[PDB]
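Asker: kindly return the folded structure for what I paste below:
(chains A, B, C and D, ligands or ions: 2)
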Amino acid sequence: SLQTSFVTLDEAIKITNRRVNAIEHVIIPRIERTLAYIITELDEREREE
Amino acid sequence: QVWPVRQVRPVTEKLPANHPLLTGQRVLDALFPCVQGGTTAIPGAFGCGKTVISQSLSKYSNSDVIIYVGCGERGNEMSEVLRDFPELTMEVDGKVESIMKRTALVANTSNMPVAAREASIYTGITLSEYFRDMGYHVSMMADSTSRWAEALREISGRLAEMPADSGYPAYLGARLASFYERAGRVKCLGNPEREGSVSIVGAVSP
Amino acid sequence: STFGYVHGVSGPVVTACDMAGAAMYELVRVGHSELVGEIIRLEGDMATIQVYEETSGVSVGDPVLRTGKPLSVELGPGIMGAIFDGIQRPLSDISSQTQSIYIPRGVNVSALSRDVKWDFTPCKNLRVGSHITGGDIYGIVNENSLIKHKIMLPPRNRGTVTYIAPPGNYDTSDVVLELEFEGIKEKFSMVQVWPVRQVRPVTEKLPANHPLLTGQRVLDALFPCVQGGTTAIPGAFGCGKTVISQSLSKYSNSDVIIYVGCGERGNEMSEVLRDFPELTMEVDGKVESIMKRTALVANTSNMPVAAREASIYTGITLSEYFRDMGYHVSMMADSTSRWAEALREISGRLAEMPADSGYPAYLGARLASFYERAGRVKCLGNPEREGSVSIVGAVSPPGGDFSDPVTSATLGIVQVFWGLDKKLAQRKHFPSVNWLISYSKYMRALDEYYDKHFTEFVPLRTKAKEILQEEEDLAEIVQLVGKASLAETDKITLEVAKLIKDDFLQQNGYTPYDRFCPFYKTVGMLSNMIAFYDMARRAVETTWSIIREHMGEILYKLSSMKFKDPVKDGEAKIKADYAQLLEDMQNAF
Amino acid sequence: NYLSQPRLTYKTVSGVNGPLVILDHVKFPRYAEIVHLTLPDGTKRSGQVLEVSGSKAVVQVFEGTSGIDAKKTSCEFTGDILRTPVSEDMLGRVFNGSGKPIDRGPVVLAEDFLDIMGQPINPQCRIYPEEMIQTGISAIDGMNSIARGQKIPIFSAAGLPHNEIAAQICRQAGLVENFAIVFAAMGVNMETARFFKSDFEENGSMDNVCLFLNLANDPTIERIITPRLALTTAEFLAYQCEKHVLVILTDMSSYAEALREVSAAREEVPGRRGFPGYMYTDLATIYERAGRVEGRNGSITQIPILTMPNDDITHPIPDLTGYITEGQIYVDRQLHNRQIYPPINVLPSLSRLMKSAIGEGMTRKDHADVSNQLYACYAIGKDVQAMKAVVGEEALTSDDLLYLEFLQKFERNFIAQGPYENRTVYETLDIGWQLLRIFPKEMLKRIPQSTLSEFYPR
Ligand SMILES: Nc1ncnc2c1ncn2[C@@H]1O[C@H](COP(=O)(O)OP(=O)(O)O)[C@@H](O)[C@H]1O
Ligand SMILES: [Mg+2]
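Answerer: Residues are numbered from 1 along each chain as shown, chains lettered A, B, ... in the order given. Ligands and ions are numbered 1, 2, ... in the order given. Dropping the coordinates below:
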């Protein structure tokens, strides 16, 4: 009962530690440099005005 | 004959384009094909190869004549054109002759004056409409139509005109429209009843 | 002419007429209460002036009294212990002459009082008839017990001495020296007036070689600063900023201090103005107050925005006048982020074009033309002296982000950055200087001093830097897999890194033994802690357990090293005790 | 040929604001004309007429309008545009930004007077650069090799050692009989000026080095004419004295930041991030003054150093530089924290003239193919390194472990070389071929089977 719950646990840890590292490294660094592009492009609409 | 560069050349009737422009590149001929008599834009940043696509299209395409307009680009790029073109030939009727015999250059580099970037575009299309009327299939490569648009911005900054978005004048889209519309496969004026074509491949530098 | 008329005021800006011989950026006095303003445009006979004060009740036709000078400081005796604003009005005299709590908007009170008497004595080389160039010391005023105020010539003029003063007590209005030149003879008192935007002339820039002994152990060893250098610190709410600003005034080898609070706050400036008069300096005799060698430039944000933008140039010009005497000045601009907000309002009022995030086009050039006024240089004048100016400019970025048109333009001009951290204050690690984000670029010029004076310090700290740089990649795996898979070589260098962050770097400022750790204590407290490391490097190449349980008392002798009080403990005893610990480690191994 | 009429001296200033002085009653003013202000307190300042209109002349001064009167200042109109006294004796001397000597020396004895704006070379008589300069750096001479007549910047940042590799490519500058180096420093510190000055005297090279140093405390309108002075003497040495010139324009971001303040004072039309609309043409008037011509045996090569803000290649300083020049050299911050001395990230680096400067007669046959495979094996292994940080260190294909074996052996052995080591191009290609030995013969797709049979078994 502790062997079948052991090998199914690290099967569900690798699918979670990848989904955490898919957010910290692919999704959030794509949003935080999208938001860095909005502010530099909204500063240029103010100088043109 | 003397002809104004801002006046469109008269012609009998416009025709739809049917024959393609085979550039020689594999992705360009297969996926995104262009016809002779068609308009094409090549945007891209520095280091992408906007010139190498234009050099490979001026050497190996199926166009009769080639007119290459360097509008505000590097001086060594217009100096490598007239180096490797007379040592490159083509075979049309069993004989070989260099591809510089079908090429005319209009070179106005970025070191040269600014307002002559506009005069180099309108010259290169008027030589392109002249060889259109003989029945040839002209192909025109404006090397940068984004340095022409920076020439219009700097002239409009001295006239104190009101800008459009990003400082360009409000008539920017009307000068680009009256330049690309002069292309097309079209039945020429005159009694011997021939047909010509102008293909404009203008590389934008955003 | 001498008078102009107002002809129209439209806010802070006055378009004064009848001013033909007026210069650009020249200070005038607008109105009946004589509000101070500067000429900013000049269209024929009219001069467009923006007023520093609040224009209210200024009529058309009020006199505009021309002065003929730009914004300039008065340099002379009576400056040590004085508190000015950014345009050098004496705050300690305005509150005494007027007996109130406000600044009365029309005070042309002189920055140096002309009622106190100063004991003047000449240089004893100058006689009547000597040729004198600009920058020559022709007298010394014994201003305090600490500071001898060397009266110098202005760098502009030149001539031949025809009248020197006898030794005695004078005001700042009495004529002291008189100089014949070609056309007319010039006479001038002990005070000189120098424009704050104009860089002080000097003979030759010298390279900076001598370090600033700040007193802290992490700053004197790992990220050293030189006298004549430019540093920068983050200006957050609380990390360590109060003790880095006060240990550098108490425990440094700098002769005079200038502290420029530049539009700070209401209560954050009243905290500074009541803590610096109550500081104590341990000179070789008895204890003294710190205000015998310290001047303050105090600005809150209620003050004018051009008296907040020119507070930096007032502070660096007081720092350069005391540089030319031969002293080693150290200047701390309390905030340069609040100074660049005074440029954005000055440029935003003139309708200048914004460059980046609202800041004007000349932001990076005005910051460079101030940090390049700092340096150890050989001064003007035939007495053949040398001086220095060190600049510590704090930067408070928005949100603690190091990407900003002020912060990213500061890190490209300064050489040293002492990175104070908010997290190390929450863990009570004092001082809170981080070691990863900090750096120092004066190490290549400091080896020539270290090989002539200490000679076992340069490879000492590079071993201490690679230990802590190793700890950050070891810190991610101690929670990943754990110490059960940690190597016998890697688990010891983690355990001496915890000895580094506890004994060397962490230094309590209220304990009487660690208020001023000199460099003889600093070289000793690391030479017995790196020699412990490499003898523990061959001990694992021959057991990690028996060196931790048997040398636990030797672990205590290194962890009570920082206690070897050097005020009341001799230097030679501390060197003697530190050699005895070195023999105990070499014998136990 | 020569001006003989006396000079008119006006006291007719009628307006001054910012850096612009406006004179009235000027008799036939000339565009781009130099004037000589003398202040009421006696100091002299120079100027340049920027716009005429009828009888007015809008002159900007090079030192700032601080103190310029409306009645007492006197402005003398030199009747010609800005020419500088150029000579062969401007080689071994240092100068400031305006024109003047710094090293306690005399003025130039003026072999002739050249206009600093120049005039553009005819593109028919401009020949292609062919002879590869072996500069002794493996990241350059391996994959980003420069030619003799090539403009190529060093894309840097703040704090990275771009001054150090500037002095390193000065010593080892030779062909695969020395370079007359012209150095222009604009907006630099005091230590950066002393680092370049004491290095050109250390290697004995200050007999053919003309330093044009303009410090950070020098006026910001003298930074405009500083590259124009250092390129009008470089055209005198290369196109008249037949000399091979190496021009280094360090801190080109301090030139264009000094270009933004002048245009914002004139209220010109802004481009991106406040820079003027003519920033492309103003940068190209000092970048396209390079190459070699057909009638001469001299040449001029430009290596303009610039620091990009916030490590961004899309800022208007390094973006508009890539459109004019012929490929860039990109030093990196991530390779500087690992204490690699040349931190040259080769992926956004380029040499547009390297294809004509390498080959069989130039260096050797295998050069064009090993550089395409060293570039592709580096680009795949950085994509693999961006994959193992998300997936794991153990869920990779066994082919993907060789790309981690490549990069750790690439950055420490190929590009890292030390500050005084000058590897030849035959040293580099035998080091670059060692890193391809760890891959199979049919995983190198860019190299054909012909030149694999001659070089890969070794
Ligand atoms: N087919 C190719 N094979 C190898 N290299 C190429 C090829 N096409 C382009 N390049 C490289 O791309 C570079 C782009 O040249 P260029 O077009 O002038 O840049 P830009 O787009 O700024 O004009 C060339 O110098 C060359 O080194
Ligand atoms: Mg191109």
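
Asker: can you map out the helices along chain A?
Answerer: All helices of chain A, identified by DSSP state H, fall at A:9-22, A:28-31, A:35-48.

Asker: do the stretch 251-400 of chain D as well
Answerer: Assigned by DSSP state H, counting those that start in this stretch, the helices in the stretch 251-400 of chain D fall at D:253-265, D:279-287, D:316-324, D:354-357, D:367-388.

Asker: how about the helices in chain B?
Answerer: B:26-30, B:50-60, B:75-84, B:116-130, B:146-158, B:172-180.

Asker: typo on my end, it should be the stretch 101-250 of chain D
Answerer: D:138-141, D:164-171, D:190-200, D:226-232, D:234-239.

Asker: how about TSV for those helices, with distance to residue C:220 and mean neighbour count added?
Answerer: Bear in mind the C-beta positions are built from the backbone N, C-alpha and C, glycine included. Output for these, formatted as TSV (distance: least, CB to CB, whole Å; neighbours: other CB atoms under 10 Å in any protein chain shown):
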stretch	distance to residue C:220	mean neighbour count
helix D:138-141	38	26
helix D:164-171	27	20
helix D:190-200	21	18
helix D:226-232	40	25
helix D:234-239	47	23
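
Asker: same list (those) but as CSV, adding distance to residue D:131.
Answerer: Converted to CSV, the helices of the stretch 101-250 of chain D look like this (distance: least, CB to CB, whole Å):
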stretch, distance to residue D:131
helix D:138-141, 13
helix D:164-171, 16
helix D:190-200, 24
helix D:226-232, 21
helix D:234-239, 14
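
Asker: number of nearby residues for residue 33?
Answerer: In the absence of a named chain, chain A is used. 9 (other CB atoms under 10 Å in any protein chain shown).

Asker: actually, chain D is the one I wanted.
Answerer: Neighbourhood size, residue D:33 [other CB under 10 Å]: 20.

Asker: picking that back up, Throw the helices of the stretch 251-400 of chain D into TSV and include mean neighbour count, thanks.
Answerer: Formatted as TSV, these follow (neighbours: other CB atoms under 10 Å in any protein chain shown):
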stretch	mean neighbour count
helix D:253-265	23
helix D:279-287	24
helix D:316-324	22
helix D:354-357	19
helix D:367-388	18
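
Asker: for the ones you listed, which one sits closest to residue B:168?
Answerer: Smallest distance to residue B:168 across the helices of the stretch 251-400 of chain D (CB to CB): 13.6 Å, for helix D:279-287.

Asker: any bit of that closest one sitting next to chain B?
Answerer: Yes: counting by CB under 8 Å from any CB of the partner chain, chain B is contacted by helix D:279-287 at D:280-281, D:284-285.

Asker: can you tell if that helix touches chain C?
Answerer: No: judged by CB under 8 Å from any CB, helix D:279-287 stays clear of chain C, getting no closer than 13.0 Å.

Asker: just checking, what packs against that helix?
Answerer: Helix D:279-287 sits against helix B:146-158, helix D:226-232, helix D:253-265, helix D:316-324, with contacts defined as 3 or more CB pairs under 8 Å, 6 or more residues apart in numbering or on different chains; DSSP states H and E.

Asker: can you add distance to ligand 1 and give those helices back as JSON lines?
Answerer: Below are the helices and strands packed on helix D:279-287 laid out as JSON lines (distance: least, CB to the nearest ligand atom, whole Å):
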{"stretch": "helix B:146-158", "distance to ligand 1": "12"}
{"stretch": "helix D:226-232", "distance to ligand 1": "22"}
{"stretch": "helix D:253-265", "distance to ligand 1": "19"}
{"stretch": "helix D:316-324", "distance to ligand 1": "6"}
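
Asker: could the ones you listed be laid out in TSV, adding distance to residue D:456?
Answerer: Shown next, in TSV, are those (distance: least, CB to CB, whole Å):
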stretch	distance to residue D:456
helix B:146-158	44
helix D:226-232	45
helix D:253-265	43
helix D:316-324	34
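
Asker: and the residue nearest the centre of chain A?
Answerer: Central residue of chain A (CA atoms, centre = their mean): residue A:23, 2.0 Å from the mean position.

Asker: now what about stretch D:161-174, what contacts it?
Answerer: D:133-137, D:140, D:154, D:156, D:179, D:181, D:192, D:195-196, D:199-200, D:203, D:205, D:246, D:248, D:250, D:303, D:305, D:307, D:331, D:336, D:341-343, D:419-420, D:422 (CB atoms under 8 Å, 6 or more residues apart in numbering or on different chains).

Asker: again, but for stretch D:429-449
Answerer: By CB under 8 Å, 6+ apart, stretch D:429-449 touches D:138, D:142, D:363-364, D:366-367, D:369-374, D:376-377, D:399, D:402, D:405-406, D:409-410, D:413-414, D:423, D:452, D:455-456, D:458.

Asker: for that stretch, measure first residue to last.
Answerer: End-to-end distance of stretch D:429-449: 18 Å, with CA to CA, to the nearest Å as the criterion.

Asker: how much space between residue D:81 and chain A?
Answerer: Here residue D:81 is placed at a distance of 33 Å from chain A (CB to the nearest CB, to the nearest Å).

Asker: tell me which of the helices of chain B lies nearest to chain C.
Answerer: helix B:146-158 (13.3 Å; CB to the nearest CB).

Asker: how about that closest one and chain C, touching?
Answerer: No: Helix B:146-158 does not reach chain C (CB under 8 Å from any CB); its nearest approach is 13.3 Å.

Asker: which helices and strands does that helix pack with?
Answerer: helix B:116-130, helix B:172-180, helix D:279-287.

Asker: would a markdown table of those helices with distance to residue C:23 be doable?
Answerer: Output for these, formatted as a markdown table (distance: least, CB to CB, whole Å):
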| stretch | distance to residue C:23 |
| --- | --- |
| helix B:116-130 | 44 |
| helix B:172-180 | 45 |
| helix D:279-287 | 32 |
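
Asker: quick check: which of the ones you listed is nearest to ligand 1?
Answerer: helix D:279-287 (13.0 Å; CB to the nearest ligand atom).

Asker: how about the closest one as PDB, C-alpha atoms only?
Answerer: Extracted C-alpha coordinates of helix D:279-287, given in PDB (Å, rounded to 0.1, in the frame of the first residue of the first chain):
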ATOM      1  CA  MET D 279      19.200  60.700 -36.200                       C
ATOM      2  CA  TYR D 280      19.600  58.100 -39.000                       C
ATOM      3  CA  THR D 281      21.100  60.700 -41.400                       C
ATOM      4  CA  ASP D 282      23.200  62.300 -38.700                       C
ATOM      5  CA  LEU D 283      24.700  59.000 -37.600                       C
ATOM      6  CA  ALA D 284      25.300  58.000 -41.200                       C
ATOM      7  CA  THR D 285      27.300  61.100 -42.000                       C
ATOM      8  CA  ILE D 286      29.900  59.800 -39.500                       C
ATOM      9  CA  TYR D 287      29.500  56.000 -40.100                       C
END
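
Asker: circling back to that earlier point, residue C:479: which of the helices and strands packed on helix D:279-287 is closest?
Answerer: helix D:316-324 (40.3 Å).

Asker: chain center to the closest one: distance?
Answerer: Distance, stretch centre to chain centre, for helix D:316-324: 12 Å (CA atoms, centre = their mean, to the nearest Å).

Asker: outside of that helix, which residues touch it?
Answerer: B:45-47, B:74, B:110, B:205, D:151, D:153, D:155, D:252-253, D:256, D:271-273, D:275, D:279-280, D:283-284, D:287-288, D:304, D:306, D:308-309, D:312-313, D:328.

Asker: quick one: residues contacting residue D:44.
Answerer: Contacts of residue D:44 (CB under 8 Å, 6+ apart): D:36-38.

Asker: now distance to chain C and neighbour count too, for those, in a markdown table please.
Answerer: Shown next, in a markdown table, are the contacts of residue D:44 (distance: CB to the nearest CB, whole Å; neighbours: other CB atoms under 10 Å in any protein chain shown):
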| residue | distance to chain C | neighbour count |
| --- | --- | --- |
| D:36 | 18 | 15 |
| D:37 | 12 | 21 |
| D:38 | 14 | 16 |
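
Asker: distance of the residue lying farthest from the centre of chain B relative to residue D:276?
Answerer: No residue in chain B sits farther from the centre than residue B:160, which is 30.6 Å out by CA atoms, centre = their mean. Counting by CB to CB, to the nearest Å, the gap from residue B:160 to residue D:276 is 15 Å.
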